[PDB]
Amino acid sequence: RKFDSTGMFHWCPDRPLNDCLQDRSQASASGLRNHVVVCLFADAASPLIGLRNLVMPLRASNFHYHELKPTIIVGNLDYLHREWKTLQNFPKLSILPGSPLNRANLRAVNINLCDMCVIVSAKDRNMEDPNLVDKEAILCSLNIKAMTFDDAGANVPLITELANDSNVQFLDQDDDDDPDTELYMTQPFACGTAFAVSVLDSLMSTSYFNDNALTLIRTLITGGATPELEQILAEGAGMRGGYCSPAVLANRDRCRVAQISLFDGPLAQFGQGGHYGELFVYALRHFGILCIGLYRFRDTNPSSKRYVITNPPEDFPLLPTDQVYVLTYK
Amino acid sequence: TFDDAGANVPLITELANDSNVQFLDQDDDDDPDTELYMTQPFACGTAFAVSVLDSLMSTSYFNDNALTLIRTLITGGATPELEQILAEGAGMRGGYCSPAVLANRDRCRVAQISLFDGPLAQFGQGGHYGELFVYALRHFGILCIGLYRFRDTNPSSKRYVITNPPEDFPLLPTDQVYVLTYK
Amino acid sequence: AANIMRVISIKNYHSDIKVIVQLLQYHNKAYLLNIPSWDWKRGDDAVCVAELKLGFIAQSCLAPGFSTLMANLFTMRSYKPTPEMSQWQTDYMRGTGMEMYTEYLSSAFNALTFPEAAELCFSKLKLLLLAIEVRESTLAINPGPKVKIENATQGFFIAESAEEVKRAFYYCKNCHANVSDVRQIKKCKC
Ligand SMILES: [Ca+2]
Ligand SMILES: [Ca+2]
Ligand SMILES: [Ca+2]
């Protein structure tokens, strides 16, 4: 396998977009499963969102090549040519041209078999009134939930970027919506189905009060980008890579965030009526697995939705259906 | 002119502003304050505008079933199934079809027929609309819903609509009748 | 896009409210058909202005003037002559006073064929019967002798007012409506 010059990401030599371009026939002929679908809304002239930053963490050299999730971008082809210059060095990446609102595109890309659908708008985020600004993101989300694959609908996992945080109320049903709750309290955000820029602006004050802690987030969130990699890109030559030395390949053995289930395997004994404190100590001792929180079903009985629980108390009761967020080294 | 007929050719005009209907024809005796539906070009069926449709809000509320009656007719028989197949984004799927679905070809349509000649001409020759209605329904299953009558009787080609005339309404041999029909 | 967002908002607040929406473009109707809680079987309904407009116009290509007949039939108007009105305008305007209505057919229609029920409504009641909702249920327009009127059949009518159409619901047993001076039809059928 090949990597970038700092050995942090998997890499390809430069290639033209039509090597990665697919028709609906080609996309549906491909065995797409456990993939990431990027539903991209863009005009050909609209500003670059930098899909490099979405794809690059999914290509961290932390992973084996066989466990890299393949990625398909569904969107405007003239826009994608413009970004392609930055994307062309990543493996297991393809493009289906045309609107993400079209159901034949979503079925051709096996939307029901993906591990994540990412709904993002590159359009200006300022057009018309504050209701219209999220029209495609809301309609795409609702359109995906309304489909059936009986030939599963709301069982497919979505993450939606919102231009106006107030539009979060339209993303789901039986939320009991209020206009005056902050975004972070709303059910779609608590479930991890929604995101917005407004949750990030405290990174000004955290960057001031502890610089080191901002590097902690980024090592994780970028999948391991570095000042060296940022400088190599700022040199304007594009992402240089190739075969690499055993000395730089040592950077593959680094920590990553993972999510694991208490339903089965050695930790299932804790899902069967144990407590979070027991699980934490056991997983740290036996595996070096450091637990940081829970992802729990909202309702217990019929919906698929789950919610985050950052760092529970030690006497917090577990369920066999719980999943736990973990820092992990292999 | 086509002498190698002019105003004899049938037109339907979509109007963006209903007030412009007055420019469509001559000797209309135009007024700015008559509603579109009273104007001669609309009464003849030469003009149309969106402003005649907006009462379909209140009819959709007061009888949903009656909006499906209009649409079955006006779309030529589109259905929720066809609307869903198009909303699936694949385009209008088709091919050869089964005898079971081909049964939908035997359905009612609106047609227009003349009292000048054929079996119904006996009513155009000085009969009454009530006689015509009962006869056509009994002998043919043809259900008459109104008349399309020449505006002037003598020299112009224009005709006007008469929705559901009275039973004692006198017919003319030049009349045409709107009919619901099954073949 | 604004009107679709309004339906999305209304149905996010409560899914089961009947929403009737006016749309200007037919391709935008696909977006609200894909809303998770939109259902035509509850009577959620998109009145598409472009779909209707062009379908009324297409109907005049098949039967000239039918756009005017059918468009007049779907707004409430009442006749009202004037002395300045020419006789062709009085005929036209008398026709514009009629619009589409729905009523239950009385028990006296039960087990007639549709053609017999239409003859009866017209020749006696002065009412033009177009169609019936056949029991799930389906709308049948001018159906042949092969269909009977059931008990409690909804019929579709052309008449000058709803209070005129109510003759088809009040319509007596034949014993109580032989005289046919139609204003005399009233609820005292038995
Ligand atoms: Ca909601
Ligand atoms: Ca004029
Ligand atoms: Ca009326």
Side-chain angles (χ1 to χ4, degrees), chain A residues 131 134 137-139 141-142 145 154 158 160 162 164 166-181 183 185-191 193-194 298 303 305, chain B residues 7 11 13 15 17 19-44 46-47 55 58-59 62-63 66 151 156 158 163-164, chain C residues 5-17 35-37 69 71-81 92-93 95-102 126-128 157-159 161-166:
Chain A
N131 320 272
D134 289 306
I138 298 157
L139 287 175
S141 177
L142 296 175
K145 290 208 289 278
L158 306 186
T160 47
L162 293 172
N164 166 19
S166 316
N167 289 324
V168 72
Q169 65 190 295
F170 305 123
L171 293 182
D172 216 340
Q173 332 312 332
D174 303 340
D175 286 339
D176 302 329
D177 307 290
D178 287 317
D180 66 353
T181 52
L183 171 63
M185 299 173 69
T186 68
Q187 168 167 289
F189 190 86
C191 299
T193 302
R298 184 200 53 181
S303 76
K305 306 179 70 63
Chain B
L11 306 186
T13 47
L15 293 172
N17 166 19
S19 316
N20 289 324
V21 72
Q22 65 190 295
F23 305 123
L24 293 182
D25 216 340
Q26 332 312 332
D27 303 340
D28 286 339
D29 302 329
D30 307 290
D31 287 317
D33 66 353
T34 52
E35 296 177 47
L36 172 63
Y37 89 99
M38 299 173 69
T39 67
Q40 168 167 289
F42 190 87
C44 299
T46 302
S55 56
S58 39
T59 69
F62 281 113
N63 42 13
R151 184 200 53 181
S156 76
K158 306 179 70 63
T163 306
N164 186 37
Chain C
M5 286 292 174
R6 284 190 182 82
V7 178
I8 291 163
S9 186
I10 292 155
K11 284 194 179 289
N12 164 259
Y13 178 81
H14 179 44
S15 55
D16 300 358
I17 184 64
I35 286 169
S37 53
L69 188 161
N72 281 333
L73 205 67
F74 293 107
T75 183
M76 291 286 146
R77 288 188 165 116
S78 58
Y79 188 43
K80 37 183 180 298
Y92 173 73
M93 295 290 291
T96 71
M98 302 203 184
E99 69 275 20
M100 185 73 75
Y101 291 104
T102 43
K126 300 294 187 291
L127 296 176
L128 171 57
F157 297 88
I158 299 181
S161 171
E163 78 89 36
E164 196 183 15
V165 184
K166 200 165 294 293

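Note that these values count all heavy atoms, side chains included, but never hydrogens, waters or copies made by symmetry. In listed order, ligands and their atoms are each counted from 1. Throughout, protein chains are lettered first and strands after them, A, B, ... in sequence-line order, and every chain is numbered starting at 1.
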Fill in: Side chain A:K145, main chain A:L171, donor-acceptor under 3.5 Å
yes
Discussion item. Contact between A:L142 and A:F170 at the side-chain level, heavy atoms closer than 4.5 Å - yes or no?
Written reply: no
Worksheet item: Can you check whether A:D172's main-chain N or O pairs, donor with acceptor, with C:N12's side chain at less than 3.5 Å?
Response: yes
Item to complete: Please confirm if an N, O or S atom belonging to C:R77, backbone or side chain, lies less than 3.0 Å from the Ca ion (ligand 3).
Response: yes
Worksheet entry | Side-chain heavy atoms of A:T160 within contact of A:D134, under 4.5 Å | no
Worksheet item: Protein N/O/S atoms under 3.0 Å of the Ca ion (ligand 1)?
Response: A:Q169 O, A:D172 O, A:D177 OD1, A:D177 OD2, C:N12 ND2
Practice prompt. Could you tell me which N, O or S atom of C:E99 is nearest to the Ca ion (ligand 3)?
Written response: OE1
Worksheet item: Counting distance only, does the side-chain N/O of C:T96 pair as donor-acceptor with the main-chain N or O of C:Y79 below 3.5 Å?
Response: no
Worksheet item: Roughly how far apart are A:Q187 CD and A:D174 CG, rounded to 0.5 Å?
Response: 8.5 Å
Fill in: Side-chain heavy atoms of B:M38 within contact of B:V21, under 4.5 Å
no
